[PDB]
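Below: one structure, written as structure tokens.
No value in this document is a laboratory result; all are computed from the given coordinates. Ideal geometry is used to build each Cβ from the backbone, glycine not excepted, and the neighbour counts take in all protein chains shown.
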Amino acid sequence: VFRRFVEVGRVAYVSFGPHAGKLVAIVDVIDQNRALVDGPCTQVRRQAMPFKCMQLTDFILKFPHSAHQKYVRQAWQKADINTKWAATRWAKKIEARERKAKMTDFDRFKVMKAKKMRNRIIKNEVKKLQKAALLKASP
Amino acid sequence: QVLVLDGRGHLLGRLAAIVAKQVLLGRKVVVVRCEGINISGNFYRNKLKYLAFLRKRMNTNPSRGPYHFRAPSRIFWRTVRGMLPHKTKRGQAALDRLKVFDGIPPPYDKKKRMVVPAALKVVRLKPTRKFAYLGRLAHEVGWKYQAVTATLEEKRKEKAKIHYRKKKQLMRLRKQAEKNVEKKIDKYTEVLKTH
Amino acid sequence: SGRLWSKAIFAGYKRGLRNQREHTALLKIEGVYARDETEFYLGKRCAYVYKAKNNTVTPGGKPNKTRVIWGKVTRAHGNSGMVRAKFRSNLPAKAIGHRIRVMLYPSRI
Amino acid sequence: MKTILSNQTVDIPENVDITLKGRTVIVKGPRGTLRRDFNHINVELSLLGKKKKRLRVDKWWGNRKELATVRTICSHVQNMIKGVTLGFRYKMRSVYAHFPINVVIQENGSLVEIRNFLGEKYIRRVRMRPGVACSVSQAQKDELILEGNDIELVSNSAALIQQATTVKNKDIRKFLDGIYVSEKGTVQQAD
RNA sequence: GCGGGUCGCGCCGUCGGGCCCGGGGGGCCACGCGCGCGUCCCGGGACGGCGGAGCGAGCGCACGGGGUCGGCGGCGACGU
RNA sequence: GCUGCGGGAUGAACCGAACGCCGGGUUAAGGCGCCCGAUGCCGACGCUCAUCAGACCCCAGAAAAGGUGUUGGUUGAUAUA
RNA sequence: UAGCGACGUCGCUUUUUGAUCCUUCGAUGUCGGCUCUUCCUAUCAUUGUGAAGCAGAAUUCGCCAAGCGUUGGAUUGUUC
RNA sequence: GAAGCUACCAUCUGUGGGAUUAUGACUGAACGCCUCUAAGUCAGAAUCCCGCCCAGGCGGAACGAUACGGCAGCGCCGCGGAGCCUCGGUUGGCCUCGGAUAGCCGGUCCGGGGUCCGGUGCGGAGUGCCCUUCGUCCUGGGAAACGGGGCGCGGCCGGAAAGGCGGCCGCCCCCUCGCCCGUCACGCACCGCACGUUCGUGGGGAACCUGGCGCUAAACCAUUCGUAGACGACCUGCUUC
Ligand SMILES: [Mg+2]
Ligand SMILES: [Mg+2]
Ligand SMILES: [Mg+2]
Ligand SMILES: [Mg+2]
Ligand SMILES: [Mg+2]
Ligand SMILES: [Mg+2]
Ligand SMILES: [Mg+2]
Ligand SMILES: [Mg+2]
Ligand SMILES: [Mg+2]
Ligand SMILES: [Mg+2]
Ligand SMILES: [Mg+2]
Ligand SMILES: [Mg+2]
Ligand SMILES: [Mg+2]
Ligand SMILES: [Mg+2]
Ligand SMILES: [Mg+2]
């Protein structure tokens, strides 16, 4: 319980606002509502964004208190947030939502025919497995 | 078509606002589990306001005049009456479209219940503020049917457990089928185009 | 085979608090719930389908009991994504809480 | 003023064990077990120490009344630990007037029956709580011992006794009679 | 020594004089070569008039042009 | 008075604004939980728990006084002697 | 400061009286009594309580509280 | 002075549960102590609500009888044909309880504990499934031993708060193109146009001809009665033993 919390040196997602879908990193908390965030390599500029505007993640960084953009970038490239962030399921969820937004009609036709084929095979296998379960439980 | 709404953990005014707005458009909405609709404030204040509402009555003839329902479904139906234009054949037709129930009826046992996030206690209220239960208020004043409704509610909860165990067993079986092989050829299309 | 029209619900007339203006009608169209979402539907054409016991019909094969007052989308309305529409004949006011088809022609796809 | 975290520290001895499935606290020791619910307060209850048993009661931002509330959890946890290690014993001397009071127990120490009650003929019956026992003390005149595990249950039973013995419709400065709480302590002493 | 006016020198400033006398890419609704009529300047540029000198003419068309037309196209009967 | 219209639920005097018949756009006074058109903005800051909460000039109710109920603020006084 | 409270001061009520004339002059029948129904509390008693200069009894001051009671008569046309 | 009305002028009866106000408390911080309170617990009354008692809603149940006669008339199942009225949608979702300072899933051990996952939820309503299938024929790859609809039969009741579809077993007239990938040729290609495709074998009302199974009444008036009555209304009798 309470595995995550804001911290000097924590990367955080941004859901709402003008920098949506862009990771920031908390430098210091100003007063209860807003934190001075910074982006070394995620194309977002050093500013102050609200906590309800951002979204907390799990990865931490070793930032000194109120360090430069240079030291933020060095700790970012030491921690390797980009490849390790691509290699998780959460970015795959966001990428799948973006691909559903970037579907087309021919892609939906292919998804629907593959959907029909997979659901027919799944229905036949569920029928076969419940038949085998009844045949196992009958003695 | 039909909008079967939960009442467990909702607020009276918020749920009445959303139901009274969505019933004028034509979507036939039914609020089920009306005894669990929470009301903000203190419970002594809520029963004091309801006692004042009972005190409001015509002195020359109490029958011809103010009617004061004690069942919580009819409390919510009066709450939606006081918001719809019920003296005209728009709000009158909307109240004809609206159905309300205490407990859960047997068709609504089978049909899936919706939950409105905009009317929830947790979303709208601070968690260190007091609250009340409309079924508790109704049992305290007038509505003598808590012991029957709670018994039938426990019965349908047992029915829901004995259905959910079978549903979870079938879900484990179909995920064993998905764990099995020779389905990935379509998954090469699907994972690229949003598995 | 298949529905080609989007679903919209006739909500009311253009009105203040006391008086109404029956020349412009309001449509709560499904899916749109935002000012930025009621942009694609600018220029669509609407149709209110109703019934009568006499016979004034389209040339679509056979005569039936179907009558339609035609019209089209004028502009947007509110932050909730409501659609104003001026029909060719004004609304019968029985259509409150009922459905008006929004067909996907002349818009800019 | 929206104060950042307040944490209360509880040491738990090796005689007893604590278990939490949430905000429910279950403390089991030598003298039975005792469990309570802290559902309506929303204060984090964490524990640490491999056979060291360090409980922490932590609350974030909150308000001033809620920073007042966070110490109440620590104090009731201390009360539950004392009740499960030692127990609670309330000794009530019957401060009696011209008419004495005949106190007996009926249902194995769960039904206190009071008689002669300042000359009032009405025999009085007080049913106690499930989890508290009653006795008449030895080597002492008209002392009533209430023994239990939960301080709220034992002290509510003592409050029911001292409010059932109440002078009515009189000057209660005169007629100083009733069963009042004389001593508050534990069952197992010297600890 | 502190103030008011003026004169003389230097430093600037996509400043102003179509800035000029003479030298070592872009834009301009800016044009009769023969030679000779006066003003200004250093054989050449501006102006009124004549020495050159607007020489030949409205031919067709598009007009973001004195408040739109199609030299655009469909569809239905004995009870609408 | 001699004066409609939009708000103030309802109104002679209030606030905008004055009236030939209409279409389009915009706005004032006012409002955007439902009646009842409009915040269904992933609105911002802080205060308030009221067993008689509070809710918009005229306007349809209230004082002197008191509160270790909470939130700021001023003047001071103690404390490793 | 149990109960009181001067000198001063802040409020509530229309159960008295006063002030105005806003409606009513082609009429709103003007006192009291009898009978009858409902409501309020600023509580006389009853139910549950707190405080006294409350020993008991009997009283006084307050709170939640209008559910139920709140007479028979001589006098006066009486309200009183 | 009978019957009947009537008298506190005769006689009988008038009934208990809950949440709580005032108040007194418990634990306990704020504020090392204290405290009835700030979150929580207790006792608590002619107050309040319900019980009991009255009339029962444009409120709903369960059950009986449902039209003889000599032609009749009327119900249930499955039928084909025509025609009048009324108004709305153009797939349906067959379901865990509960929390939000916490919760979901999988799983050895004795409903619980340990362990392993995922978690701005993907065992997700920013979702899942028959699904965008216009249809037919030939010819092949993958999947498929349940076949796939039922005028189908028989058993089980799943479910009682307002229930009618779903599941299993044994056969039946049959179907191995019930679905995705490829080849082939056609069906109105109605030549630019709308209300088109839907749960519809839509709701109820009056009749027309055919198959099977059946049904053979009850109110109201009249008359009588008094336990009732202004008139209506209410309770009653009517067999040939
Ligand atoms: Mg006394
Ligand atoms: Mg005049
Ligand atoms: Mg004038
Ligand atoms: Mg107005
Ligand atoms: Mg007003
Ligand atoms: Mg206009
Ligand atoms: Mg609106
Ligand atoms: Mg007034
Ligand atoms: Mg103050
Ligand atoms: Mg006057
Ligand atoms: Mg007068
Ligand atoms: Mg008269
Ligand atoms: Mg009169
Ligand atoms: Mg009374
Ligand atoms: Mg109290």
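What the table shows:
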item	result
Candidates B:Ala52, B:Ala71, B:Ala138: whichever shows maximal mean-square fluctuation once chain B is modelled as a Gaussian network with Cα springs under 10 Å	B:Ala52
Region D:152-189 and region A:90-139: distance between their alpha carbon centers, rounded to Å	72 Å
Total formal charge among the other residues, if their Cβ is under 12 angstrom from that of C:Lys28, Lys/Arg +1 and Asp/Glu -1	+4
Whichever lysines have a C-alpha closer than 30 Å to that of D:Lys82, once near sequence neighbours (fewer than 8 apart) are set aside	D:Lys21, D:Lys28, D:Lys50, D:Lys51, D:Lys52, D:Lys53, D:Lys59, D:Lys65, D:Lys91, D:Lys141, D:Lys184
Trypsin sites (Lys or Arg not before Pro) lying in DSSP loop within region B:1-87, provided at most 10 other Cβ fall within 10 Å	B:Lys56, B:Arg64, B:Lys87
Region D:16-64 shape via C-alpha gyration tensor axes, a/c threshold 1.5	oblate
Inter-part distance where region B:46-86 and region C:40-109 are each reduced to a Cα centre, Å	42 Å
Anchor A:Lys70: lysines whose Cα lies under 22 Å away (excluding residues fewer than 8 positions away in-chain)	A:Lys22, A:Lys62, A:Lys78, A:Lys84
Helix B:146-179 axis, angle to chain B major axis (alpha carbon atoms, nearest 10°)	20 degrees
Estimated 222 nm signal from helices in the protein assembly as shown, with DSSP H stretches of n ≥ 4 weighted -39500 (n - 2.57), rounded to 500	-10000 deg cm²/dmol
Cα shape, chain C, gyration tensor, a/c 1.5 rule	oblate
Choice from B:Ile39, B:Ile75, B:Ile18 with maximal GNM fluctuation in chain B (Cα, 10 Å cutoff)	B:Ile18
Sum of side-chain charges, B:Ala138 neighbourhood, beta-carbon under 11 Å (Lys, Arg +1; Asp, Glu -1)	+2
Nearest-0.05 FRET efficiency for D:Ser46 and A:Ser66, computed from C-beta distance (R0 30 Å)	0.45
Cα-based convex hull, region B:138-180, per residue volume (Å³, whole number)	56 Å³
Average projected area [Cα convex hull, the protein assembly as shown], square nanometres	49.7 nm²
Choice from D:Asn102, D:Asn116, D:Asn169 with maximal GNM fluctuation in chain D (Cα, 10 Å cutoff)	D:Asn169
Zero-based 10 Å bins, Cα pair distances in chain A, whole percents	10, 29, 21, 12, 14, 9, 3, 0
Cα gyration tensor category, rounded, prolate or oblate, for chain D with a/c compared to 1.5	prolate
